[PDB]
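Take a look at this single chain in structure tokens; it is the form deposited in one PDB entry.
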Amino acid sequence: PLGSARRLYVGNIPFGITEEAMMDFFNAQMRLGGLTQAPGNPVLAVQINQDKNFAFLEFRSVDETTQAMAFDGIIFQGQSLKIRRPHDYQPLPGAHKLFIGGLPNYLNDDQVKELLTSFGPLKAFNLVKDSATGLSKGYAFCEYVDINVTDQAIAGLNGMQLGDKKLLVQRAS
């Protein structure tokens, strides 16, 4: 889901390694240093790309993921491991969450949602309605799966024209 902060890239892995082995190594490693923040294994899963010698580590919690960053250079089967953040990682989470204002009220979820998907699929979206009436308040929020579309979308939507309202689109912040 929102766990780009729950995964880690592992380069230079030894040849032959299995996902299980890697999994053990890091769980064992996390223990020796007391990097663990609870009983049980911090690493849920490991996916290996045998051809390009790399893999990803799936952690159960954020902090324990940040903690594993300290294993960069660590030795596994006589080879120095390379540890890095995934590329999707956002140190400042939600920084690309958009705000869509000036939405004519007659427009509904799917309508406004469609207006947005023009630039691509969303990972999140919600149109604010009045808890009482159930009607729309004229503003929404979304976040694009591909984070680099936020600027494309703003470019095409900010200032657009719908009915009599002037759409305001920017980062929610």
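Counting begins at 1, following the sequence as shown.
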*5 to 13 set against 147 to 155, stretch whose average Cα temperature factor tops the other in the entry*: 147 to 155
*Average Cα temperature factor in the PDB entry - higher stretch of 136 to 144, 111 to 119*: 111 to 119
*Of the options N105, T65, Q47, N41, which has the highest CA B factor as deposited?*
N105
*If you rank the chain by CA B-factor, which third does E20 end up in: lowest, middle or highest?*
middle
*Place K129 in the lowest, middle or highest third of its chain's C-alpha B-factors, as listed in the PDB entry.*
highest
*Which third of the chain does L168 land in by C-alpha B-factor: lowest, middle or highest?*
middle
*Against its chain's modelled residues, does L81's Cα B factor rank lowest, middle or highest third?*
lowest
*What third of its chain, lowest, middle or highest, does the C-alpha temperature factor of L92 fall into?*
highest
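The same protein also exists as the form deposited in another entry; that form is not shown, yet it is the one meant from here on.
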*Indicate closer or farther: the Cα atoms of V149 and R85, in the other entry, relative to the displayed form, with a change of 3 Å or more.*
closer
*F141 and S61: do their C-alpha atoms lie closer or farther in the other entry than in the form you see, with a change of 3 Å or more?*
farther
